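S.K.: Dropping the structure in here first, questions after.
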Amino acid sequence: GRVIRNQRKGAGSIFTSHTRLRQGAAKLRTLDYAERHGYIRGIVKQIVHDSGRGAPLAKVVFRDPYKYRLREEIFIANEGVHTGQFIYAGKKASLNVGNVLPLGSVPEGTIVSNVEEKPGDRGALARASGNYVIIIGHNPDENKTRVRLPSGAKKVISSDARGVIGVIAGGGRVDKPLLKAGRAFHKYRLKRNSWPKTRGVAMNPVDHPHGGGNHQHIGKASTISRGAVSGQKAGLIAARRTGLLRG
RNA sequence: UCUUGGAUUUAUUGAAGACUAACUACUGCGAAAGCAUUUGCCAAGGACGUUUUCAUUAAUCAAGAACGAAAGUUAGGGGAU
RNA sequence: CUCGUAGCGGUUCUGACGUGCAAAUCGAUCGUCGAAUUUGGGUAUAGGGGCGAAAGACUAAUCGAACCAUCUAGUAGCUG
RNA sequence: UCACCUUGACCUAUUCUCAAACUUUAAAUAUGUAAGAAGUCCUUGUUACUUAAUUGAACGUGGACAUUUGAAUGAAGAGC
RNA sequence: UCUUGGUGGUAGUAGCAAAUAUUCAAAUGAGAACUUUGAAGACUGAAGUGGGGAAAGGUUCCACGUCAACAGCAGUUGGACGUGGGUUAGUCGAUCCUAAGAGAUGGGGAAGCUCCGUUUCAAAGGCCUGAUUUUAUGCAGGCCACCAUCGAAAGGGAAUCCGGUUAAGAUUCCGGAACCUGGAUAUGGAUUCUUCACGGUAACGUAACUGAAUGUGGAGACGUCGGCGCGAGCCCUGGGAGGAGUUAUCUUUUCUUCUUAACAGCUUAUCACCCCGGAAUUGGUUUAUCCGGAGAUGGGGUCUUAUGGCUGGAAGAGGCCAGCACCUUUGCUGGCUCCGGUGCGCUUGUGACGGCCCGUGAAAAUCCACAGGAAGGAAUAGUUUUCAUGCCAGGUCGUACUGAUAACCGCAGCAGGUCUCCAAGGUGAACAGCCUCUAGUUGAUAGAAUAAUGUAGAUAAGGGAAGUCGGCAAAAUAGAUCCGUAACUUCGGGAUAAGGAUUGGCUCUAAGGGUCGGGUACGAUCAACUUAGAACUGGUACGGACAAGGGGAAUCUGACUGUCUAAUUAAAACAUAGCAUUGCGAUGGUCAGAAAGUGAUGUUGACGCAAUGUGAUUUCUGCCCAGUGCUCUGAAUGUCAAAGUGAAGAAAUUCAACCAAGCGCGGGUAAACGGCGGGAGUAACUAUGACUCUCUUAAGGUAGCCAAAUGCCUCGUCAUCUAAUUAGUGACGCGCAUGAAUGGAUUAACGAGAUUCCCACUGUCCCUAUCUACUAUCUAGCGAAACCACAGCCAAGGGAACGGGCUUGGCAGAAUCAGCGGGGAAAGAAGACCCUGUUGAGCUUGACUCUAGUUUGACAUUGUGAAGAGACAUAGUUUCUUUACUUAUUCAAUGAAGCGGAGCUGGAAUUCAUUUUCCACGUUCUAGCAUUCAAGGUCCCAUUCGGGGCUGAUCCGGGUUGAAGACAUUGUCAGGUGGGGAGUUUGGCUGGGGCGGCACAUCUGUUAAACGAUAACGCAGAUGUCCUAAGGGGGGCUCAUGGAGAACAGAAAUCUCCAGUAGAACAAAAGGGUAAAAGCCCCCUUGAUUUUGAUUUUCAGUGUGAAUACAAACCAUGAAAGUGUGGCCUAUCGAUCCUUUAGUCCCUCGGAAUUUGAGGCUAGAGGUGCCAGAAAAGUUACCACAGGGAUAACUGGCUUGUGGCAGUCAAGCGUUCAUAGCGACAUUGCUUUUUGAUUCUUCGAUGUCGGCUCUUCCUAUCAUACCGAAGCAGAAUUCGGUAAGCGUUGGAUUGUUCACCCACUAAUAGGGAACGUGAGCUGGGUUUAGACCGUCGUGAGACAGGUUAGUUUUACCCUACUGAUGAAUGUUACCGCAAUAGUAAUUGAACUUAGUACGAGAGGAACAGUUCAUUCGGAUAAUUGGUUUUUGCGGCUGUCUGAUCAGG
Ligand SMILES: [Mg+2]
Ligand SMILES: [Mg+2]
Ligand SMILES: [Mg+2]
Ligand SMILES: [Mg+2]
Ligand SMILES: [Mg+2]
Ligand SMILES: [Mg+2]
Ligand SMILES: [Mg+2]
Ligand SMILES: [Mg+2]
Ligand SMILES: [Mg+2]
Ligand SMILES: [Mg+2]
Ligand SMILES: [Mg+2]
Ligand SMILES: [Mg+2]
Ligand SMILES: [Mg+2]
Ligand SMILES: [Mg+2]
Ligand SMILES: [Mg+2]
Ligand SMILES: [Mg+2]
Ligand SMILES: [Mg+2]
Ligand SMILES: [Mg+2]
Ligand SMILES: [Mg+2]
Ligand SMILES: [Mg+2]
Ligand SMILES: [Mg+2]
Ligand SMILES: [Mg+2]
Ligand SMILES: [Mg+2]
Ligand SMILES: [Mg+2]
Ligand SMILES: [Mg+2]
Ligand SMILES: [Mg+2]
Ligand SMILES: [Mg+2]
Ligand SMILES: [Mg+2]
Ligand SMILES: [Mg+2]
Ligand SMILES: [Mg+2]
Ligand SMILES: [Mg+2]
Ligand SMILES: [Mg+2]
Ligand SMILES: [Mg+2]
Ligand SMILES: [Mg+2]
Ligand SMILES: [Mg+2]
Ligand SMILES: [Mg+2]
Ligand SMILES: [Mg+2]
Ligand SMILES: [Mg+2]
Ligand SMILES: [Mg+2]
Ligand SMILES: [Mg+2]
Ligand SMILES: [Mg+2]
Ligand SMILES: [Mg+2]
Ligand SMILES: [Mg+2]
Ligand SMILES: [Mg+2]
Ligand SMILES: [Mg+2]
Ligand SMILES: [Mg+2]
Ligand SMILES: [Mg+2]
Ligand SMILES: [Mg+2]
Ligand SMILES: [Mg+2]
Ligand SMILES: [Mg+2]
Ligand SMILES: [Mg+2]
Ligand SMILES: [Mg+2]
Ligand SMILES: [Mg+2]
Ligand SMILES: [Mg+2]
Ligand SMILES: [Mg+2]
Ligand SMILES: [Mg+2]
Ligand SMILES: [Mg+2]
Ligand SMILES: [Mg+2]
Ligand SMILES: [Mg+2]
Ligand SMILES: [Mg+2]
Ligand SMILES: [Mg+2]
Ligand SMILES: [Mg+2]
Ligand SMILES: [Mg+2]
Ligand SMILES: [Mg+2]
Ligand SMILES: [Mg+2]
Ligand SMILES: [Mg+2]
Ligand SMILES: [Mg+2]
Ligand SMILES: [Mg+2]
Ligand SMILES: [Mg+2]
Ligand SMILES: [Mg+2]
Ligand SMILES: [Mg+2]
Ligand SMILES: [Mg+2]
Ligand SMILES: [Mg+2]
Ligand SMILES: [Mg+2]
Ligand SMILES: [Mg+2]
Ligand SMILES: [Mg+2]
Ligand SMILES: [Mg+2]
Ligand SMILES: [Mg+2]
Ligand SMILES: [Mg+2]
Ligand SMILES: [Mg+2]
Ligand SMILES: [Mg+2]
Ligand SMILES: [Mg+2]
Ligand SMILES: [Mg+2]
Ligand SMILES: [Mg+2]
Ligand SMILES: [Mg+2]
Ligand SMILES: [Mg+2]
Ligand SMILES: [Mg+2]
Ligand SMILES: [Mg+2]
Ligand SMILES: [Mg+2]
Ligand SMILES: [Mg+2]
Ligand SMILES: [Mg+2]
Ligand SMILES: [Mg+2]
Ligand SMILES: [Mg+2]
Ligand SMILES: [Mg+2]
Ligand SMILES: [Mg+2]
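Those letters in the first sequence? Residues 2 to 248, by the UniProt record's numbering.
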């Protein structure tokens, strides 16, 4: 008869993002006349590390078209982008790694990252370390493009949506083992309070639907409907098949 | 088992990975295991030719090493048959 | 990582004490001691709620549901 | 044996022993009613009941009988 | 156990015992253990008992006066009491900045208190003018796109130091010496006829050396560890100038002073950089291997000023002395204050590096610089001066003190807790322990004595775990050097494995450094502590105190480090990395919120986030989709709500069709929940059973493992371990009930985890003794509490069954002291177990009823066109179908910046004399720059040295832009889902409750004892039906059965007679009843009918059911008398409310009617079986409350099935012979220690088993003493008597009592004492809360199943006991007596008797006598051992007193 840990996370008290040391919001450059009819030239000045993020951040500096001043955008760095590199964003831009072009104006099989789901929302797809997006199709009348997402799914996005050529840098990170609870401690120190995890079967029945009994056992089926609510969605939510993938 | 929710067939267009028929032989190369679509680059190899050059530098070899079908092992990728 | 101080804990004596020095101490013996360490201040989360490396533990000596006031002189086939 | 010492039960007359859910009989104790005036007797009045029929039935008028008026003991007042 | 207040006994009692410790004298005083001073002894021992601070306190600080209360003794003292004094800032903080966050406004939500949000969807605004005469500087240009405010006395930050001063303030006052900010402002210097400096190749330099808007850059501004370098301070030390100490002797000796601030000038640097040069024969170089043609080495330079040196500050101050004054105002005078060395030292700061990260380690205020060139400006210095000097001001608040064994919190002057800075010498590795210096304290009620029992510390002969549940506690080990070091292993470890030597002192030896140097075959000089070796030496001591690992072989278990039940559970539980599963591509997953123009994840984006499971590595994860969950573009007349449609009706209404989700159907999923079998026969053994035959499966437990922490039986069986093992280990396995991510098996290392063994070791024990300190005791002072009906000597009896009192006995003499744990079923706590309650709570679910949320349908928002297998058959915008518009709505973005359309060219437009037609719009080697309405061009001005347009830069539409679109979304309603959340329910009787049953509503016979009534979970049975006849009537007939007779035919077919009192039948149990019937056969029928009363039984003379007699009818029936109101009689059944039906066509619908419709009256039905009648699933070991001995266990008491022990009788056994010794079939008793029955007492609690310890009692006698009997020759036995005097063991396993074995013994008898004995212990067993396993349940949970951990309180009161005093007897003293009470010894062996008696032999005694021993007891200390504060003597370490001696 007590609210469970998965419910308490939505109140957002001790379960927020530890966001002091982060370098900003890693977004694309705001879609304007420079990036819609020609291009604009940037410059990388730093490849910095983002706290809580496994991918480096490239600080790319552009000139403001309308006022004499410099605008520093923060990109997710692509593997191969270096400091001192000129970076081109726009429609008429050239395909190099780190250039920002619409999905329509890049050919089939192009490998892109920081890809907008809608034109101008400043980067939503292929942002974690190592991941990328492959363009697998085009429908030039009623401009759309078919992609493969990092999950393996197929998405249809506007051809006016943008992307950055290359993979997101920092790949192969999760292939290293953490080896100890300490290295898990400092990974989640700079993300959010989701660590450690107590098993619900290791509890009292007031705390979890899995807890209690004279032996640690689940009692009911762990697969719960999508048509259930909070407090019952403690287990496998809306599972199609369970266990190993052996047919 | 699939099938009137149109299977099987047929046509158009795509993807994926694998494979490289026919030509293909009492034919070739490779130390052996093995090796076939093209073009490019890389270093190599046999045989021939030689009025070149060195002039026994060689033969086989314990111990020791390189390579070693396929299945298998570990971890990524890929999963068309 | 280890031996071991400061520190931080609390194994055993089932030691002392048990109208105590103390509503949890004292002593010896112990765990650990460069990190998932220890800690001050600021700050956030509030009661059927929080918080929980999970013991129904902790949330002002109060916790299988805090504390305060009211409804309330709640009701009692039960005891005085 | 192919009417026989070595037949079983059955029938008839005997015999020993018994019965809470057997009995011809049958106590003790306990128990119902009666021992009168709201009585008995005579005459005959009523009725739609009853009879073949004032016959019966029931309730009566009038008349006969007075405390040994219908066993014993008691009664402390009786009844409501 | 009332309330409030007061008061006692206990009681002058318990006690005032941690933190080494006090002592002498004087002073003050009424009074001194405690005050003050001196002396002495000591301690904290620099991670302090020392100097400061943060929080908190608040005056506690300081002085004077004072001692009533407070300082648990005292008090002249005080943190007390009374009166006062005291806190000084431009520089230290606050103030300011932002952090995590908090929070207004605009705006949205909410009935509202108010909520969200912090830049949002807002018309959110101040900044300078170049510089002043029409300026209160605007009535002007020009610029800026953010958007409150709060948030740190530890973060960021402008600037102050030294000396002195107070009773108490100080980085604040005073004296001296600075600095910063803000403002104003003059002079000098600088620069200027080249108008905004010069020098250097350069790095850069300087005293200056204009610089607007705008932009850019830097600082503020950052982790941790390691080593190295450098600095400061400290420590160590040499020479000298003073002062003090010791001085028998020694000591050029021991201690001590010898200082230099902020600020300023000049110099000072690793790193970095510049020039020259051009490198392999590669060089440079760090402790640490980096660097160099992208230019090393080298030679010259440049810069940062951490930091150091010099000088100013500043010797005038501070220190140390000396001399002279000597109520001198109170000083005056004078000298010295100097020069070094050393370093793996300590603390700290810094610099250059290196290591680490799936961790890469704040922000803002603020300040500066540069880019740019706006504007302004030149005479002998026009401007401008970030150069020097000069002037003024710096507010408000805080400041004292403590910061804790007395200033804070803990009730308080509480051994507790509470953040931080500084940190001397020695020993030593050390911030350890031990001793000392500076500083500080010497506070804690005392004195005397040295009983017991304690607490704390010790030691112990011989043995060495025999102790105990268990090695608990203790001992042992310990530092360092050298040697040596296994199994196993994840190859990193194990590991300090195990083991084994050495260690002092003194005198030496040998290595190991720095600075100094060459010709266009060389040693002066200084300094450090490591290491190795040698000799000599000694009561063979030496890590001499201190400090400091015990180790080994196994098993279980968790990989490890880590975490938790504060205050009983530290673990095997939790976590963990690793592994795996699941969901989600943002209009999203998971979750918030009452809503929201609302939130978390999210400053996010599948290498992510969320939800779970398992838990490192090795090696594996078998079989199951039937169940239930989950899931599926799956089947579409099975079910399908609301809305909508249609039919009938006057209509309310009734019906029908259509019918979304969801359910049902089909499938997939087990690292989802979960599951993983019998009977029988078979191999040339007897059973065993590869294979085989069936029953049911979805699958029938695979790989593995095991009496395992999982196995009841079980202490399984074997082996091993031991003398002996219910332990352990290894095997085996039909395994009650093992098993694969509810993970199976194994696994190095780790572990305050659990278990067994071994070595060492020891007082754990045999078996106890001694010592010290503190208590206790006694004294002065001070002085509680628990508890208390009244109390306090027993035996027996009875009694609510264990009496202090009552009864009958025993007896009994003041007042007491120390102990003590028998008793007071002592106290502590209105039992926490069990029961009762129509008492609650928590958690679970296939209980009931809801509910948020979610899903599905409908209507509104919701408009505009189409095509329309979209109306019913010249027939119509809505209709069981799709896509077209944008303006509602929705999403998103931006400083709403470039949208839409139209306009120049050139063509593979082969211009088709037409853009039917389309395409490109100033930027891509490179880490530069991009700003001033834009220069140019053009035209105008009224031209003023400047100003304005246009074009540069196409025109038009004012639609910011992109999606999405009348669908989501939203409002309302309807169906589903919905233990996530809520509330409620879970009967009773009961030889306690649970379970079973119904004795819960009934019937017959018995119980039941001759009217009636009468209990038990008494007994034997039956009831919830059956019947249109098995009801009613009439007539006829006799039934069960037996005997004899009939072909098949018998023992049983039909037929016939005789006998048949019922021995048959009557629906169903049993009892009763019945023979021209009540039965059997036949005929007719519905009385099993209507209406109202009366009555009987159960009984309240209520109801219900059943029944009896009538009466009014109407029928049946029979010839009729009659009979029939269901069954031959005794059982077979049901209220109010609601619904329904029959009847009358009756009453009413209240303004009056008609018609439906509704309501009403009388009689039935539908039902409550718990049967006088609620609508209801579990568990609780987390439980709780009101009670209850109305109630379970332990004890006592009764009873005595059972257990044991006896007896009578004697068929028989005992070679004959009942009774030497036995004894059947019977029979009569005893015990309460075994086990069973009462719930008698106890629930405002009698502390629950075993053990240990210790006492007493019984006798039903094992031994010992003395005897009797024998089938007693002897020896040894057996049976029996008197007898409880005296003994009655040590161990392995087990928590066990019991058991069992080993072994000794004279013997290892049995019992009682609240199953003797917990204020005597222990806590192993059992009995809370943690945890794991097995079985069972969907689960919560359960198990008189296993395993691990889990606080044991109080005596000082009375009595009892043990010891100790004592009034009274004329006083006093010595010597005695003995009533009464207690009593104590015990047992064995050997020699001799004696190889004798006896015996055929084998064997083989006893009495007397001597000598020893066992167990016990009482002493005693010559000896032997133990003990040591004799601190007696000696030795040793470390430190301290200068050394020595002598000591602490
Ligand atoms: Mg976990
Ligand atoms: Mg738990
Ligand atoms: Mg080919
Ligand atoms: Mg460690
Ligand atoms: Mg350790
Ligand atoms: Mg420690
Ligand atoms: Mg503990
Ligand atoms: Mg204790
Ligand atoms: Mg350590
Ligand atoms: Mg601390
Ligand atoms: Mg809640
Ligand atoms: Mg629990
Ligand atoms: Mg409360
Ligand atoms: Mg009350
Ligand atoms: Mg009877
Ligand atoms: Mg009678
Ligand atoms: Mg009192
Ligand atoms: Mg006393
Ligand atoms: Mg004393
Ligand atoms: Mg000391
Ligand atoms: Mg006092
Ligand atoms: Mg006094
Ligand atoms: Mg004072
Ligand atoms: Mg300051
Ligand atoms: Mg502020
Ligand atoms: Mg900081
Ligand atoms: Mg000063
Ligand atoms: Mg001048
Ligand atoms: Mg100059
Ligand atoms: Mg700067
Ligand atoms: Mg200063
Ligand atoms: Mg420090
Ligand atoms: Mg100046
Ligand atoms: Mg002050
Ligand atoms: Mg002060
Ligand atoms: Mg102070
Ligand atoms: Mg005090
Ligand atoms: Mg020292
Ligand atoms: Mg030393
Ligand atoms: Mg003391
Ligand atoms: Mg000894
Ligand atoms: Mg000895
Ligand atoms: Mg023993
Ligand atoms: Mg021990
Ligand atoms: Mg060594
Ligand atoms: Mg060793
Ligand atoms: Mg070992
Ligand atoms: Mg562990
Ligand atoms: Mg575990
Ligand atoms: Mg494991
Ligand atoms: Mg640990
Ligand atoms: Mg605890
Ligand atoms: Mg957020
Ligand atoms: Mg499995
Ligand atoms: Mg409907
Ligand atoms: Mg043992
Ligand atoms: Mg075993
Ligand atoms: Mg075996
Ligand atoms: Mg087994
Ligand atoms: Mg004493
Ligand atoms: Mg009395
Ligand atoms: Mg008597
Ligand atoms: Mg009493
Ligand atoms: Mg009396
Ligand atoms: Mg009497
Ligand atoms: Mg007596
Ligand atoms: Mg006395
Ligand atoms: Mg005592
Ligand atoms: Mg007692
Ligand atoms: Mg008690
Ligand atoms: Mg009741
Ligand atoms: Mg815009
Ligand atoms: Mg009777
Ligand atoms: Mg019967
Ligand atoms: Mg019945
Ligand atoms: Mg008849
Ligand atoms: Mg019958
Ligand atoms: Mg009968
Ligand atoms: Mg009845
Ligand atoms: Mg009712
Ligand atoms: Mg009306
Ligand atoms: Mg009843
Ligand atoms: Mg009571
Ligand atoms: Mg006797
Ligand atoms: Mg005897
Ligand atoms: Mg005898
Ligand atoms: Mg006796
Ligand atoms: Mg005796
Ligand atoms: Mg005995
Ligand atoms: Mg007992
Ligand atoms: Mg006792
Ligand atoms: Mg225990
Ligand atoms: Mg006790
Ligand atoms: Mg006492
Ligand atoms: Mg001596």
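Note that CB positions come from ideal geometry on N, CA and C, so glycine has one too.
If you draw a straight line from the C-alpha of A162 to the C-alpha of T146, how long is it?
M.R.: One-based indexing of the first sequence puts residue 162 at position 161. One-based indexing of the first sequence puts residue 146 at position 145. So the alpha carbons of these two residues sit roughly 9 Å apart.
S.K.: With DSSP as the reference, please indicate the residues paired to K156 in a beta bridge.
M.R.: Indexing the first sequence from 1 puts residue 156 at position 155. Answer is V148, bridged to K156.
S.K.: What does DSSP give as the partner residue(s) for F63 in the beta ladder?
M.R.: Numbered from 1 along the first sequence, position 62 holds the residue referred to as residue 63. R72.
S.K.: From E118 to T17, what does the alpha carbon distance come to, in whole angstroms?
M.R.: As a working note, residue 118 is residue 117 in the first sequence. As a working note, residue 17 is residue 16 in the first sequence. Distance between the alpha carbons of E118 and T17: 25 Å.
S.K.: Which residues mark the beginning and the end of the alpha helix (DSSP H) in which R3 is found?
M.R.: Residue mapping note: residue 3 aligns to position 2 of the first sequence, counting from 1. Segment: none, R3 is in no alpha helix (DSSP H) and carries neither H nor E.
S.K.: If you follow the alpha helix (DSSP H) that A182 is in, where does it begin and where does it stop?
M.R.: Here residue 182 refers to the residue found at position 181 of the first sequence. First-last of the alpha helix (DSSP H) with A182: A182 to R190.
S.K.: What does a CB cutoff of less than 6 Å around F76 pick up in its chain, not counting 5 residues either side in sequence?
M.R.: As a first step, residue 76 is located in the first sequence; it is residue number 75 there, counting from the start. Taken in chain order, the residues that qualify are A59 and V61.
S.K.: Cα separation between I15 and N194?
M.R.: Taking the first residue of the first sequence as position 1, residue 15 is located at position 14. Taking the first residue of the first sequence as position 1, residue 194 is located at position 193. Going by the C-alpha atoms only, they are around 7 Å apart.
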